[PDB]
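Novice: Below: one structure in structure tokens.
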Amino acid sequence: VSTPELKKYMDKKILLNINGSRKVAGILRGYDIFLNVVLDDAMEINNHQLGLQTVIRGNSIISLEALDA
Amino acid sequence: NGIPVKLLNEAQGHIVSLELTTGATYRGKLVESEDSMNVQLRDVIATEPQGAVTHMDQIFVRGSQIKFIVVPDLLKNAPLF
Amino acid sequence: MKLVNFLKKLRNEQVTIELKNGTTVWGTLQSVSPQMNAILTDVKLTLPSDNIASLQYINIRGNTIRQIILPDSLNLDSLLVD
Amino acid sequence: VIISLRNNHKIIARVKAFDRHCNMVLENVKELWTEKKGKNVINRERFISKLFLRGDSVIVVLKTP
Amino acid sequence: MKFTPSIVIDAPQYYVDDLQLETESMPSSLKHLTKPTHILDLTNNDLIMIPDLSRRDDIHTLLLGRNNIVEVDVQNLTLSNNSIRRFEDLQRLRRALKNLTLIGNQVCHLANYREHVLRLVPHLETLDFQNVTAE
Amino acid sequence: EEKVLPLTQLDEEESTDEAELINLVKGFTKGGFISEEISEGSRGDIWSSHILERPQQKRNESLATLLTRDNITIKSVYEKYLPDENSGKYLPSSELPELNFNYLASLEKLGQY
Amino acid sequence: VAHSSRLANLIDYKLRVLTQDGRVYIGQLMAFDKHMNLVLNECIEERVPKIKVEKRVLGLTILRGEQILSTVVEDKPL
Amino acid sequence: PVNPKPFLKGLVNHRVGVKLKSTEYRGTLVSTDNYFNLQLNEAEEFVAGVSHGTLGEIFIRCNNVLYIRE
Amino acid sequence: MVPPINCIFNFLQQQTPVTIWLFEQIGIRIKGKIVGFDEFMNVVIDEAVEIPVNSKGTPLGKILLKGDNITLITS
Amino acid sequence: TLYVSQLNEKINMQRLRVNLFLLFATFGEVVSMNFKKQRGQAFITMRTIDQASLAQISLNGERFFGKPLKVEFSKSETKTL
RNA sequence: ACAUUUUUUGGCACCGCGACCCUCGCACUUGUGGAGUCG
């Protein structure tokens, strides 16, 4: 029901720890009540970027640990 | 509404511990919690399932992937229940 | 329509229950929730090639219970009536 | 009718009940699996008189005429 | 003051500094605890023999201070200030046990008491609050 | 009896010894009834023997055990009381199933319908 | 243990608790949920590595019901 | 313009194949619903691209599905 | 803020190279062009291509990949 | 509460506390950190005051894990008390 | 009172143990000396 308060993390680069012991990086552009994430693109953790912007599904997110403070 | 949720909310401010499905325990000041246990935490250490530990700043965790949360024992006293 | 109702109607039955992790559970169903959370009494947990562990009271969760093995004698049509 | 299941159980049985979740009350029940710790090859099956079933288990039901 | 079911049911129950029950001449009727305790405190009682227990799978700590234990019929066993007098009376502990305390028992002053315990109860790692060492 | 209950939670000959030792008396008869019900062979008759070590209902259990031994059970029924309806039930079991067993009960009953 | 109807009626009893990962949480149920989440008063996680019981005292714990398998009664109140 | 549900509707009485959470399938689609549970005829079980058996008339549960294809 | 639904819509409008990751499945990915949109994450994606991940290329037709097993999008 | 110092700081914290509990249970129903500041020390809290006094007199200089422990009454009252 | 992402329609299944040495300190605890060897 309530919105995930990620307005602190808006327009900052975040380590999206994602399903299956994987990772994603990138600057936060948006989100919704299901915790889907819209982010301006970055690499999959040696390293290799795919995409210009990226959208991560809600279910898939383990964590979204902030790279910037 | 859920009393565990309420408890979690109350624990805001306090240093909660927090393990996930992965089995990666965290400890930190609980910044914010929601009805779905969508926890944020500050000044947080992060243990790997195998053993090794890593310091980190402001972790967010989605309650779906959370397993169990340890709250400080002062909250036992009052006045939610 | 609802199997939940049927489950509810099944009371005081000494039954085996099978879980998603394969644990065989011999006990008397004292009650079941609307969401299939089984509440047993006189319970007996055995695995599917190792020794047994008995317990007085077990509240098993609805998501875990794969198959509840029903009793020997049971009138099903009657049960299925609203 | 036969049912395929998440845990490798071919449930050959007579259907009694049916709902939104695809939970089923079953009579004349005959499951088929294989208790086997590798390398080994065994094919096992047991009769059960009456049996309730949960729906998340069900992958694909089928009807052999 | 028999150790009875009624006695156990009104006994202080708490989480210690493990689940512990706060507790007599003879140890009996433990069935009523229902195997729900990690620790049982039997200090300051008049028990003569450490015996009479039902099957208790939980029970990991037994504090039996200041009783009259003279014979023995589990990870920690504290028997301080009791009546065990002969090295051979400690033999039944070989069948259990990592923390053992037998201080203030006459048996303590017997020649070779420490080495005897170490060889006959090798599973003990700490004896009388001192590390069992290799030497 | 609570120790017998905890021991029951813990729960064959030695176990039978522990149970018989565990068996106020009405609860023990209820336990023997629990044994007669749970066993529903010869071991149940042994439970009846332990029950003897512990009456018309016991005779009914003896009927469930079903021939001279049954006559011995009838002798136990005679031991149970000098005489009122339960004795008539004993004569009834005697008549329903040894013609002398029925004729004797008919004689004691004799002691227009 | 007593012969209860529901979980709610047996509040504050010392509880064994199993979870999908195989750990065993033991402690007094302070509060229940619509989704079977449990508050435990004095919680001890007991785990078994692939041998013998490893033990950890936690404290006051909110425990999510998703991960909960089944609950058993360890002892009476107090 | 083409959403999924309408596509699904269109594809009734036509060949389809389904992967699972894994084994491939192959059969003619009978009907579908909002939850994306399936009912097929002439079902063939492609065990990683190997038609192990031909079952015929089947009903696939939605949550085990991975994707639909012609 | 840019919502996910909005992003999806934009992608659809565009018709661009989309590379989807599978939930709880590392080794495989999908690569195609978004055609459909749903209330949930489910979409239809014509001219799709299955990819084995670098720890080549494989043939694949038109597909709807179900919303529950999606992970990543990019377009 | 009694304050103990001169303790062998090589014992792991949970083992130290459990032996401390065991040893001191003989006098009545019964805090230790390994920080630089607090290592080799412990505060043992008893329900009864007579128990604390008896413990102090009887275990003064008791060899524990190799060293003679030094016991004293704590400076302040324990939060729990 | 009801199944399509956060709970119950599941992604299931096939620091410690030997050695050495540092610290004598009045607390409320993720954890706690350091060098070196073993796992």
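Protein chains in written order, with full-length UniProt numbering: chain A, 2 to 46, 53 to 76; chain B, 4 to 84; chain C, 1 to 48, 76 to 109; chain D, 44 to 108; chain E, 1 to 17, 33 to 38, 41 to 90, 98 to 120, 124 to 162; chain F, 156 to 166, 172 to 183, 186 to 202, 204 to 217, 223 to 234, 236 to 252, 254 to 267, 269 to 282, 286 to 287; chain G, 6 to 55, 75 to 102; chain H, 12 to 32, 35 to 83; chain I, 10 to 64, 73 to 92; chain J, 29 to 58, 61 to 111. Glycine included, C-beta positions come from ideal geometry on N, C-alpha and C.
1. Distance check for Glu174 (chain F) and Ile214 (chain F), CA to CA, integer angstroms please.
2. In whole angstroms, give me the CA-to-CA distance for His65 (chain H) and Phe59 (chain H).
3. Please check if any C-beta of chain G sits within less than 7 Å of the C-beta of residue 66 (chain C).
4. Spatial neighbours of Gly66 (chain B) within its chain, please: C-beta separation below 6 Å, excluding the five flanking residues on both sides.
5. Between which two residues does the beta strand (DSSP E) containing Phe71 (chain B) stretch?
6. Give the secondary structure of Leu47 (chain C) by DSSP, where H, G and I count as helix, E and B as strand, and everything else as coil.
7. Using 8 Å for Cβ pairs, my map puts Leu16 (chain A) next to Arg30 (chain A). What's the rounded Cβ distance?
8. Tell me, please, which residues DSSP counts as bridged to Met59 (chain B).
9. Going by DSSP in three states, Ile87 (chain I) sits in which element: helix, strand or coil?
10. Would you identify the three-state DSSP class for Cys16 (chain I), choosing helix, strand or coil?
11. Contact defined as beta carbons within less than 8 Å: I believe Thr88 (chain I) pairs with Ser67 (chain A). What is the distance between those atoms, to the nearest angstrom?
12. Would you tell me roughly how many angstroms separate the C-alpha atoms of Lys42 (chain I) and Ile90 (chain I), rounded to the nearest one?
13. Could you spell out the range, first to last residue, of the beta strand (DSSP E) harbouring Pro61 (chain I)?
14. Output the boundary residues of the alpha helix (DSSP H) element that contains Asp177 (chain F).
15. With a threshold of 16 other CB atoms inside 10 Å of the CB of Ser46 (chain E), please say whether the residue is buried or exposed.
16. Starting from the C-beta of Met44 (chain A), find all residues in its chain whose C-beta is less than 7 Å away, skip the five residues before and the five after it, and write them out in chain order.
17. Considering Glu255 (chain F), what are the terminal residues of the alpha helix (DSSP H) in which it resides?
18. Return the first residue and the last residue of the alpha helix (DSSP H) that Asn228 (chain F) is part of.
19. Give me the chain C residues within the contact set of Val81 (chain G), using Cβ-Cβ distance strictly less than 7 Å, ordered along the chain.
20. Can you find a CB in chain D that lies within less than 7 Å of the CB of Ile85 (chain C)?
21. Quick check: is the beta carbon of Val64 (chain B) nearer than 7 Å to any beta carbon in chain A?
22. Using the Cα positions of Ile67 (chain E) and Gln33 (chain G), report the straight-line distance between them to the nearest angstrom.
23. Using a cut-off of 9 Å between C-beta atoms, extract the partners of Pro267 (chain F) located in chain E.
24. Going along the chain, which residues of its own chain have a beta-carbon closer than 6 Å to the beta-carbon of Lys83 (chain I), five neighbours each way excluded?
25. By alpha-carbon positions, which one of E:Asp74, E:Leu80, E:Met43 and E:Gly82 ends up nearest to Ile65 (chain E)?
26. Assuming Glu37 (chain E) contacts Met1 (chain E) under a Cβ cut-off of 8 Å, what Cβ separation, rounded to an integer in Å, is found between them?
27. Could you tell me whether the region 42-51 of chain H touches the region 69-81 of chain H, where touching means 3 or more Cβ pairs closer than 8 Å?
28. On a CA-only basis, which of A:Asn20, A:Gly65, A:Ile69 and A:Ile28 is nearest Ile35 (chain I)? Give me that one, please.
29. Confirm, please, whether the CB-CB distance from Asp38 (chain G) to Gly5 (chain B) is below 7 Å.
30. Mind checking whether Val43 (chain C) and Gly27 (chain C) have CB atoms under 7 Å apart?
31. Comparing alpha-carbon positions, which option in B:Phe84, B:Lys9, B:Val34 and B:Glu13 lies nearest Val64 (chain B)?
32. Run the CB neighbour count on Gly45 (chain I), radius 10 Å, all protein chains shown included, and call it buried at 16 or more, exposed below.
33. Under 8 Å by Cβ, that's how I've got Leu102 (chain G) and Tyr30 (chain G) pegged, so tell me the actual separation to the nearest angstrom.
34. State yes or no: is the beta carbon of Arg93 (chain C) nearer than 7 Å to at least one beta carbon in chain D?
35. What residues of chain A sit near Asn41 (chain B), judged by a beta carbon separation below 8 Å?
36. Residue range of the beta strand (DSSP E) that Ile55 (chain D) falls in?
Specialist: Quick look at the numbers:
1. 16 Å
2. 6 Å
3. What the structure lacks is residue 66 (chain C): chain C is numbered 48, then 76, with the residues between left out.
4. Excluding sequence neighbours, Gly66 (chain B) sits near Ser39, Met40 and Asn41.
5. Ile69 to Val74
6. coil
7. With a Cβ gap of about 16 Å, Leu16 (chain A) and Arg30 (chain A) do not count as contacting.
8. B:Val47
9. strand
10. helix
11. 5 Å
12. When the Cα atoms are used, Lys42 (chain I) and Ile90 (chain I) turn out to be separated by approximately 11 Å.
13. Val52 to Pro61
14. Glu173 to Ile182
15. Counting every other CB atom within 10 Å of its CB across the protein chains shown gives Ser46 (chain E) a total of 16 or more, marking it as buried.
16. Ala26 and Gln56
17. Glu255 to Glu265
18. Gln224 to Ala232
19. In chain order: nothing, as chain C lies at least about 24 Å away.
20. no
21. So, interface residue.
22. Using only the alpha carbons, I get a separation of about 30 Å.
23. Ordered by position in chain E, no residue passes the 9 Å Cβ test against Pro267 (chain F), which lies about 44 Å from the chain.
24. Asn51
25. Taking only the C-alpha atoms, the option nearest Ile65 (chain E) is E:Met43.
26. Actually they are not in contact, since the Cβ atoms of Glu37 (chain E) and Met1 (chain E) sit about 15 Å apart, beyond 8 Å.
27. yes
28. A:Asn20
29. yes
30. yes
31. B:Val34
32. buried
33. That pair is no contact at about 20 Å.
34. yes
35. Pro5 and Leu36
36. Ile54 to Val58
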